[PDB]
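What follows is one chain in structure tokens, specifically the form deposited in one PDB entry.
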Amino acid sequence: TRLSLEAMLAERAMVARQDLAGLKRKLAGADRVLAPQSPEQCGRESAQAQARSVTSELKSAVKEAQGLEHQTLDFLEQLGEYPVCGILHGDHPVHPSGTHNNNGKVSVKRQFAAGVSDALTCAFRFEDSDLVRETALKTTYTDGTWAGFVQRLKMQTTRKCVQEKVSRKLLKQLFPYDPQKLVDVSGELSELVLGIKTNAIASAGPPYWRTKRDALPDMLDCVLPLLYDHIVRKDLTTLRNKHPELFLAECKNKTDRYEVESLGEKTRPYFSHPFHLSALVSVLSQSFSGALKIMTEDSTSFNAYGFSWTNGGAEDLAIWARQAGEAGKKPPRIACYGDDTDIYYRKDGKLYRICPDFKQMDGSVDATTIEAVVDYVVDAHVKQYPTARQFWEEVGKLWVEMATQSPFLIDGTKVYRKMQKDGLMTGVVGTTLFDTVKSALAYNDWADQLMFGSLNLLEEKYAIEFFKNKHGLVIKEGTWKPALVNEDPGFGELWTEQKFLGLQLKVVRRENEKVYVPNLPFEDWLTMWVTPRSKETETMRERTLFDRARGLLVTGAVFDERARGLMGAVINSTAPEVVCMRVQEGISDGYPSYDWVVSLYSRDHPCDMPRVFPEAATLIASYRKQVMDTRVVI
């Protein structure tokens, strides 16, 4: 058919980036802007052998920890077995035949695989063998162990909690929001649920037993209308009795970076709820998160949920922290993201910083906090939108139940329930906000105690005791270590050596200006490199190494000498065709230069990454524009 020459050129370029052999031929003589790198310490085969050795030792340790016996699940209420859902949508049951079914009973099987790399081979190629070996034997990305899973589940379900003193007024002070940014919940429900964002490959939960992508029509067309009709009729107890799997959850073992020494003691449990329930509550949660302010925007906010290190965020944290005041006389600067807190106070005019963490904070989350957070979010919406008060208040009751008393399967047909309402069931929508509020309520009380003159609470022993006795929260060991802050750090200097949100804060130099950037020691970047959170062709594996190397540089590895070198070596080792191939993005052929990453963390206007091959576009299109004037004199 007839097409413009521009359109033909565009189509050709798209097709050309999908032809690897063509890309190889076109870029075979192209100039490459190579990243700064560190040299090879050993050959390909030596690196592969050292990797194979460490991988064999790790697989032995993981297999041994997975063989460890687990304690009984008698700490949980036993609710029996549930029949498989018989709801039919069109030609198929919502619960697929032959799946999650033992004699008409819903069943699950916990997977604890022995695991098993390209990244480890690259580390041995460019780094000291002893350091790489010690780093890779210390931490591994694994499904964990039955023993660690049950142990952590016991702690999360059996912790004695302290009911917080919380009002909507306190929550407005600690967690301010913009009411105009809240979505209109008085709108039609179908449109609202369609607006929620989700992980397409995540499990839709019972009764779908498939990805949210595959189960979306069964949710929207069949189950969600059923649920709505029972909500508006106050007949949800009938729905639960007739269809229990509609309100069933799955306790799952989290695949995570786990310390090899503690694999038998710690495997984190999470709960996978039904899609219909999650989607309804996500209308309220995703709207509220959009309206939520952060501490840098409001001095009263204890909220770091939403904070970005980029676009001046790192410097914003320092500006916010310096406005901290003398303990007992003026307010401290406290910001919380779940279990992670940044605390700033002044003693004799000198700024000090504490970066404490809590242990299994979800078990400590009391039911009063959960109900109050739900009331705060629901009330925020019904104030701005009063026409839909009753429906969303009923959704709030479903939210509290999913967060505290949802029945759940672990392995097999037995359904269990937490004996106590206290304890957040991690995985419910709002998990991070519930944890953030609990932390902020405790730290707000701690600051009130300092204004009352209890300055001994700045000290570790008293602080640990305060959070346990008054708030049921256990301070992680080593996390209460007050440190003098370098308030105006010179070039190449750290604010403190402590980490907030997993990263240290450092000042770097651009001309004579100071740019605040995230930083970590080399060992920390090396741990992340060797332990990919990977869920296949050689090409995709080569692209994955390039993408991971670029990601770690943008996260701050560009500010560590050895990490910048390793990631540069991986990027430079990537074939030209793999760098310039068509890829799924948010063609990504740029690289993170030191200057680009400095610009990202600065308040500079956004810019594209410098190109690895500056002539790639012209070479792939086989055409470079030459200006040809029609106004010449002939």
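Sequential numbering from 1, following the sequence displayed. Rigid core here is just the name for the largest C-alpha set that superposes within 1.5 Å across the two forms.
Note that the form deposited in another entry isn't included here; everything after this is about it.
Considering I319, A202, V260, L501, one residue stands apart with a C-alpha shift of at least 2 Å between the shown form and the other one following superposition on the core, and it is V260.
Relative to the superposed core, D547 undergoes a Cα shift of 2 Å or more between the shown form and the other one. A shift of at least 3 angstroms pushes the Cα atoms of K418 and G264 further from each other in the other entry than in the displayed structure. Distance between the C-alpha atoms of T436 and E265: shorter in the other entry than here (change of 3 Å or more).
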